[PDB]
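Single-structure report; data block below.
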Amino acid sequence: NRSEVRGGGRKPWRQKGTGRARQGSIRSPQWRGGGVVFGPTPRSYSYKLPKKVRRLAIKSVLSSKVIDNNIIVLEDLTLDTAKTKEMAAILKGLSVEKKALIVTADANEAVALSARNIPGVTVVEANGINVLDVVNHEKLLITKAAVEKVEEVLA
Amino acid sequence: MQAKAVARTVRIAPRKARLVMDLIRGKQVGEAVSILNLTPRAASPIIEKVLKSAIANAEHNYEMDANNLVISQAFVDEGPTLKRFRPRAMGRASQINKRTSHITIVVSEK
Amino acid sequence: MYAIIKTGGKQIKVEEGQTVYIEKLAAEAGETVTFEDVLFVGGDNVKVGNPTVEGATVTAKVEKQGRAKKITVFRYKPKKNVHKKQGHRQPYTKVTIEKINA
Amino acid sequence: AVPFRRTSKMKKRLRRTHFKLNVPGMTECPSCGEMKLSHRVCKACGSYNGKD
Amino acid sequence: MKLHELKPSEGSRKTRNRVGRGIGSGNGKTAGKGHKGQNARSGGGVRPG
Amino acid sequence: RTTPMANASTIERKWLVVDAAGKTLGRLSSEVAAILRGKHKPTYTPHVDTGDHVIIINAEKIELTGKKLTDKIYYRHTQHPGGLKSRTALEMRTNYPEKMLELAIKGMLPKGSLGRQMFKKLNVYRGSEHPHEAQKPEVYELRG
Amino acid sequence: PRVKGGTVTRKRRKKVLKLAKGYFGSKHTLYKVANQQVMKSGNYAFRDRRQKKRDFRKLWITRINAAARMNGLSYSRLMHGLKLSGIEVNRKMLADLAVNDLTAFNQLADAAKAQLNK
RNA sequence: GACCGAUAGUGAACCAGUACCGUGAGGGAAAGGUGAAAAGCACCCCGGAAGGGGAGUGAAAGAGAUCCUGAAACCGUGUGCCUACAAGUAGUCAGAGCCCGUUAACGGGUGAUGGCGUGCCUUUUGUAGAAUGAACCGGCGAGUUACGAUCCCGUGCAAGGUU
RNA sequence: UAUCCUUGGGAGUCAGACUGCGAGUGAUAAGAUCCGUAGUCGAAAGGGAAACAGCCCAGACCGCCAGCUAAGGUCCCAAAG
RNA sequence: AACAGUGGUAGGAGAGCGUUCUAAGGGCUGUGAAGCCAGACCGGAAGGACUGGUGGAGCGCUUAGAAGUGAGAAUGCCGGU
Ligand SMILES: [K+]
Ligand SMILES: [K+]
Ligand SMILES: [K+]
Ligand SMILES: [K+]
Ligand SMILES: [K+]
Ligand SMILES: [Mg+2]
Ligand SMILES: [Mg+2]
Ligand SMILES: [Mg+2]
Ligand SMILES: [Mg+2]
Ligand SMILES: [Mg+2]
Ligand SMILES: [Mg+2]
Ligand SMILES: [Mg+2]
Ligand SMILES: [Mg+2]
Ligand SMILES: [Mg+2]
Ligand SMILES: [Mg+2]
Ligand SMILES: [Mg+2]
Ligand SMILES: [Mg+2]
Ligand SMILES: [Mg+2]
Ligand SMILES: [Mg+2]
Ligand SMILES: [Mg+2]
Ligand SMILES: [Mg+2]
Ligand SMILES: [Zn+2]
Numbered sequence: 053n054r055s056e057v058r059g060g061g062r063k064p065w066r067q068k069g070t071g072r073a074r075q076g077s078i079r080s081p082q083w084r085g086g087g088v089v090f091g092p093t094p095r096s097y098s099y100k101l102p103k104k105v106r107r108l109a110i111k112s113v114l115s116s117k118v119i120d121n122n123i124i125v126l127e128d129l130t131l132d133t134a135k136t137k138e139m140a141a142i143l144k145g146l147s148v149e150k151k152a153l154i155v156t157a158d159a160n161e162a163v164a165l166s167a168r169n170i171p172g173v174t175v176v177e178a179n180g181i182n183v184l185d186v187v188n189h190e191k192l193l194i195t196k197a198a199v200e201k202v203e204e205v206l207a
Numbered sequence: 001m002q003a004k005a006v007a008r009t010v011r012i013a014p015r016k017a018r019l020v021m022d023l024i025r026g027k028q029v030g031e032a033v034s035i036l037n038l039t040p041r042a043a044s045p046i047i048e049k050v051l052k053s054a055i056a057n058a059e060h061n062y063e064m065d066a067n068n069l070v071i072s073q074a075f076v077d078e079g080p081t082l083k084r085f086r087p088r089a090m091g092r093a094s095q096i097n098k099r100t101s102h103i104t105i106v107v108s109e110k
Numbered sequence: 001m002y003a004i005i006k007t008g009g010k011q012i013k014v015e016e017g018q019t020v021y022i023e024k025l026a027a028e029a030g031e032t033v034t035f036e037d038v039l040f041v042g043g044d045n046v047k048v049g050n051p052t053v054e055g056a057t058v059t060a061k062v063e064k065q066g067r068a069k070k071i072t073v074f075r076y077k078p079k080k081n082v083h084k085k086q087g088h089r090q091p092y093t094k095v096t097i098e099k100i101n102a
Numbered sequence: 002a003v004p005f006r007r008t009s010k011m012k013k014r015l016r017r018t019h020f021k022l023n024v025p026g027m028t029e030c031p032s033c034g035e036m037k038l039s040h041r042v043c044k045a046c047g048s049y050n051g052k053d
Numbered sequence: 001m002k003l004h005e006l007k008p009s010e011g012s013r014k015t016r017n018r019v020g021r022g023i024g025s026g027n028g029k030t031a032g033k034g035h036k037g038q039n040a041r042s043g044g045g046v047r048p049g
Numbered sequence: 002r003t004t005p006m007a008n009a010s011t012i013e014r015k016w017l018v019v020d021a022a023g024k025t026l027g028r029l030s031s032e033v034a035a036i037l038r039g040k041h042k043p044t045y046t047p048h049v050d051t052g053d054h055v056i057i058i059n060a061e062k063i064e065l066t067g068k069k070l071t072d073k074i075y076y077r078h079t080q081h082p083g084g085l086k087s088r089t090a091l092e093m094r095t096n097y098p099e100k101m102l103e104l105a106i107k108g109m110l111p112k113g114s115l116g117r118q119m120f121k122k123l124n125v126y127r128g129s130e131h132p133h134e135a136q137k138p139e140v141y142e143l144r145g
Numbered sequence: 002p003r004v005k006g007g008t009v010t011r012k013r014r015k016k017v018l019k020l021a022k023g024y025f026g027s028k029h030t031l032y033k034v035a036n037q038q039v040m041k042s043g044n045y046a047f048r049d050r051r052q053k054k055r056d057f058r059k060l061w062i063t064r065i066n067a068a069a070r071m072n073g074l075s076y077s078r079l080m081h082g083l084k085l086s087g088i089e090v091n092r093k094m095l096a097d098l099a100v101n102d103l104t105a106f107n108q109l110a111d112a113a114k115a116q117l118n119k
């Protein structure tokens with residue numbers, strides 16, 4: 053703003069007599085180079101919904117997955133070694149074409165590394181599931197162990 | 001078939017150059033030269049050199065006959081201005097425009 | 001032979017084969033329209049309606065249902081910050097006069 | 002006094018009609034064939050009244 | 001719901017009013033503050049009560 | 002749309018003679034002005050000169066009622082200070098009969114370009130004879 | 002995010018200048034005077050679309066009167082005669098007859114004349 | 001980075017706290033873009049040179065050094081219509097004639113002549129106003145954000161609601 | 001005939017002008033000044049009063065080369081005796 | 001469908017156009033993007049297309065979101081003329 057712009061202290065010219073418009077500073081907002089009137093200032097955009105609305109949101113989104121037959125439940129998901137080739141083969145086996153969210157019960161290092169590099173394939177712990185992730189990814193590959201952990205919290 | 005010559009950014013005000021350009025526009029090239037030689041204006045020699053350049057281009061690059069040529073187009077466009085400042089009374093300064101011209105001559109057979 | 005017929009809110013002098021633009025009729029392109037309100041018949045045998053010529057009619061063919069060239073209505077009031085801009089395209093029915101049944 | 006209103010492009014052009022040059026009063030020099038100004042000695046060949 | 005087919009609940013959101021953006025908006029020029037006097041000035045108006 | 006408009010191609014102009022003898026200045030003038038403007042023609046068109054040529058004879062014999070002969074004053078100003086000149090109706094009719102008739106009619110015509118053009122079709126003459134034999138002018142009687 | 006002036010300003014002003022084609026001097030060249038004239042033309046065009054309907058009626062009446070007086074009737078009496086005879090031909094059509102088919106007009110005029118002499 | 005993109009963003013994208021201004025403290029700018037690659041126009045012609053016209057390079061020179069794009073003001077050249085008896089807020093409605101041929105439309109350009117008609121804005125009881133503001137064009141230039149209060153609306157739960 | 005009242009959210013307004021009528025101040029002056037009362041203007045374009053915010057007629061959503069009227073008019077300008 | 005209504009300053013209320021950025025879908029583009037320049041096209045308005053010329057690499061569309069979001073006036077600032 054006009055206070056922060058370099059310079060601009062003195063009055064550009066005397067108030068009367070010159071025939072110019074009266075001015076107070078060369079950094080007034082109507083001057084080229086001058087301060088901005090209003091404009092962006094650093095602020096946070098975050099706000100919080102009531103807990104029950106949070107739970108209702110995530111439940112709504114999960115139940116919607118079930119209505120569209122985009123919920124794939126696995127007996128378990130265990131990779132022998134971190135290998136993107138292995139993970140890509142698994143997804144093709146399950147007919148996973150577009151994006152997919154993989155939800156494991158606990159931190160599964162082998163799965164996280166195998167899926168990290170594939171575009172549109174996200175890996176998440178049961179704790180980490182969230183509305184935006186589920187809505188964004190078309191398919192939801194959750195493990196049986198992970199389903200119970202999610203149910204444990206929400207139910 | 002046209003032959004063109006251009007003197008760009010000649011230090012001569014376009015208004016002044018145009019006064020002379022109007023004398024030769026449309027004239028036969030032989031007559032035009034005699035009009036420039038006998039018109040006592042600053043632009044005359046400048047425009048004459050451009051006209052002679054055009055004639056040379058017509059003769060050399062296009063094998064046209066210099067005696068059959070006519071000035072089919074002749075105009076002066078404004079070039080960039082050199083801006084200068086003359087000191088006046090009471091500390092005031094006044095602008096001076098040292099104007100330039102783009103002088104173009106196109107000759108062709110009649 | 002020509003006739004003066006009232007159609008729209010207006011009167012038109014018509015001859016057979018003439019193409020006339022009139023106010024929009026409830027009629028599809030190609031359909032045959034009849035004008036029952038004939039006020040006057042000219043040419044050789046001159047019928048004068050009072051107000052209409054009894055029994056006379058003019059049949060004609062709907063050529064096109066269209067809208068006229070657009071006019072932009074713009075009105076303002078000086079010094080009172082009052083502007084109003086409004087487009088208009090008046091519907092019309094293009095008709096070709098087939099027969100004047102006097 | 003200062004201009005009360007700017008001059009239009011039309012009024013400017015109408016004024017400058019008479020602001021014109023004339024073609025010079027030329028006549029061929031019968032000696033050398035160059036064009037000189039009538040009644041002036043020929044610059045090119047130096048001739049006048051048929052004398053150099 | 002789809003990220004490309006989001007719809008807010010009807011009447012849950014309204015567009016802000018931007019004053020001083022031309023005559024046709026209805027808050028052009030004086031931006032709703034009438035003409036002159038203390039109430040029309042920037043940071044104008046008297047203290048509460 | 003449809004309303005036909007006269008134009009220079011369509012117009013045919015008659016020549017009419019009007020005898021001023023015994024006629025009232027203003028009442029003759031108003032009817033002559035109608036003829037000059039073409040109001041008597043069903044093809045009258047406002048932006049074209051559709052009127053006929055009028056010849057006025059015996060201008061010197063125009064009449065005025067009341068005391069207008071002595072009291073009606075024709076003013077003009079020369080655009081010089083105190084340059085207001087005047088003439089009585091008597092003097093005008095005696096010495097400028099054509100001017101008197103022309104003034105009355107010119108005042109009753111439109112004032113702009115076409116109105117001045119219409120006036121060019123008027124011809125006012127002092128005596129009973131006019132030089133326009135060749136135009137074959139018809140006698141025109143005033144309609145009251 | 003910052004919104005630059007961009008191309009919106011030039012587009013809007015060009016539209017107005019295009020509407021000002023054929024205006025004298027600056028009025029077809031400079032936006033402000035062009036904009037004023039285009040606005041002024043709007044008011045004039047509205048006014049004259051309503052004046053058109055008076056000018057043509059005025060023209061028709063003048064023509065009918067001329068043609069009527071060729072049948073020894075003033076316009077006043079002719080129109081009264083037609084009303085008494087129940088003739089609903091309007092002045093646009095009467096004027097058309099007067100100009101294009103004078104014999105037809107005389108027939109209507111004679112009808113009026115009959116009613117007046119009654 | 002739901003920050004700026006060369007009048008923006010640092011005063012300073014560039015030899016900027018420089019140039020310039022001031023005795024001094026101090027104030028304080030303007031100014032980015034050839035091409036992928038200099039392959040940066042050998043040679044010829046006019047010219048003292050500048051600047052051109054060819055020829056070559058290149059995809060392009062109408063990319064040739066203030067070298068991407070190149071708007072408006074403004075300045076010109078050519079001409080389809082009109083213009084030297086005319087009183088003009090310059091247009092609008094009517095309208096021949098002449099000249100064109102489109103996003104194909106009850107088309108385009110010009111406009112003899114007729115009717116009507118005293119700019120825009122601000123401020124005023126009232127302004128064409130001889131009251132104020134604007135030479136013109138372009139860009140920039142003014143109810144925003146934070147935190148509280150209250151009301152309407154939407155949603156969740158409800159004698160509970162919420163961290 | 002279709003307004004009215006309560007509650008709540010947001011205002012702007014506190015320079016008014018003239019015309020008719022009833023009064024004051026003035027000189028039974030003022031386009032003066034101050035009230036009452038109605039209207040128009042303000043914030044109202046159109047028609048008439050030559051031009052003419054306030055007077056007469058009358059309230060513009062928009063198109064029409066249709067018709068009937070208001071005030072005011074109908075010899076010419078300029079529609080209509 | 002019927003009926004009725006639709007002048008407007010201060011001001012209140014509603015519905016929209018357009019600009020920059022983000023998300024998600026779906027596209028366009030060296031067979032030529034944005035910008036610029038024309039045109040006699042389209043919509044009730046803000047406005048939107050189509051075609052051709054220039055340009056030489058980025059840009060729309062749909063839904064939603066966020067704003068340095070719209071200029072003709074400030075003896076406005078700067079540049080050009
Ligand atoms: K006030
Ligand atoms: K730039
Ligand atoms: K400006
Ligand atoms: K007011
Ligand atoms: K192209
Ligand atoms: Mg400071
Ligand atoms: Mg000194
Ligand atoms: Mg308002
Ligand atoms: Mg103010
Ligand atoms: Mg801007
Ligand atoms: Mg900067
Ligand atoms: Mg490039
Ligand atoms: Mg005052
Ligand atoms: Mg003031
Ligand atoms: Mg001034
Ligand atoms: Mg008073
Ligand atoms: Mg007013
Ligand atoms: Mg109304
Ligand atoms: Mg009547
Ligand atoms: Mg009359
Ligand atoms: Mg802004
Ligand atoms: Zn010699």
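Chains as they are written, first to last, in PDB author numbering: chain E, 53 to 207; chain S, 1 to 110; chain R, 1 to 102; chain 0, 2 to 53; chain L, 1 to 49; chain J, 2 to 145; chain Q, 2 to 119.
Idealized CB from N, CA, C, for every residue including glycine.
Nonlocal neighbours in the same chain, by C-beta distance under 7 Å from residue i, ignoring five residues either side
{"i": "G34 (chain L)", "result": "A40"}
{"i": "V183 (chain E)", "result": "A109, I110 and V113"}
{"i": "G49 (chain R)", "result": "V38, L39 and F40"}
Pairwise C-alpha distance: residue j and residue i
{"i": "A60 (chain J)", "j": "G43 (chain Q)", "result": "51 Å"}
{"i": "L25 (chain R)", "j": "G9 (chain R)", "result": "12 Å"}
{"i": "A3 (chain S)", "j": "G30 (chain S)", "result": "15 Å"}
{"i": "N66 (chain Q)", "j": "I57 (chain J)", "result": "25 Å"}
{"i": "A22 (chain J)", "j": "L74 (chain Q)", "result": "28 Å"}
Proximity test, Cβ basis, 8 Å: residue i and chain 0
{"i": "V70 (chain S)", "result": "no"}
CB contact below 8 Å: residue i versus chain R
{"i": "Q52 (chain Q)", "result": "no"}
Short CB-CB distance (under 8 Å) between residue i and chain Q
{"i": "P98 (chain J)", "result": "no"}
{"i": "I97 (chain R)", "result": "no"}
{"i": "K73 (chain J)", "result": "no"}
8 Å Cβ cutoff met for residue i and residue j
{"i": "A7 (chain S)", "j": "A54 (chain S)", "result": "no"}
{"i": "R14 (chain J)", "j": "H54 (chain J)", "result": "yes"}
Spatial neighbours of residue i in its chain, beta-carbon cut-off 6 Å, leaving aside the 5 residues before and after
{"i": "residue 190 (chain R)", "result": "No answer is possible for residue 190 (chain R): the residues shown for chain R start at 1 and end at 102."}
{"i": "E98 (chain R)", "result": "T59, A60 and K61"}
Chain J contact for residue i (CB, 8 Å cutoff)
{"i": "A110 (chain Q)", "result": "no"}
Minimum Cβ-Cβ distance from residue i to chain L less than 8 Å
{"i": "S116 (chain E)", "result": "yes"}
{"i": "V187 (chain E)", "result": "yes"}
Nearest residue (CA-CA) to residue i, options the options
{"i": "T130 (chain E)", "options": "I123 (chain E), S147 (chain E) and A164 (chain E)", "result": "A164 (chain E)"}
{"i": "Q18 (chain R)", "options": "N8 (chain J), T3 (chain J) and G145 (chain J)", "result": "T3 (chain J)"}
Residue-chain proximity (residue i, chain S), Cβ-Cβ < 8 Å
{"i": "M36 (chain 0)", "result": "yes"}
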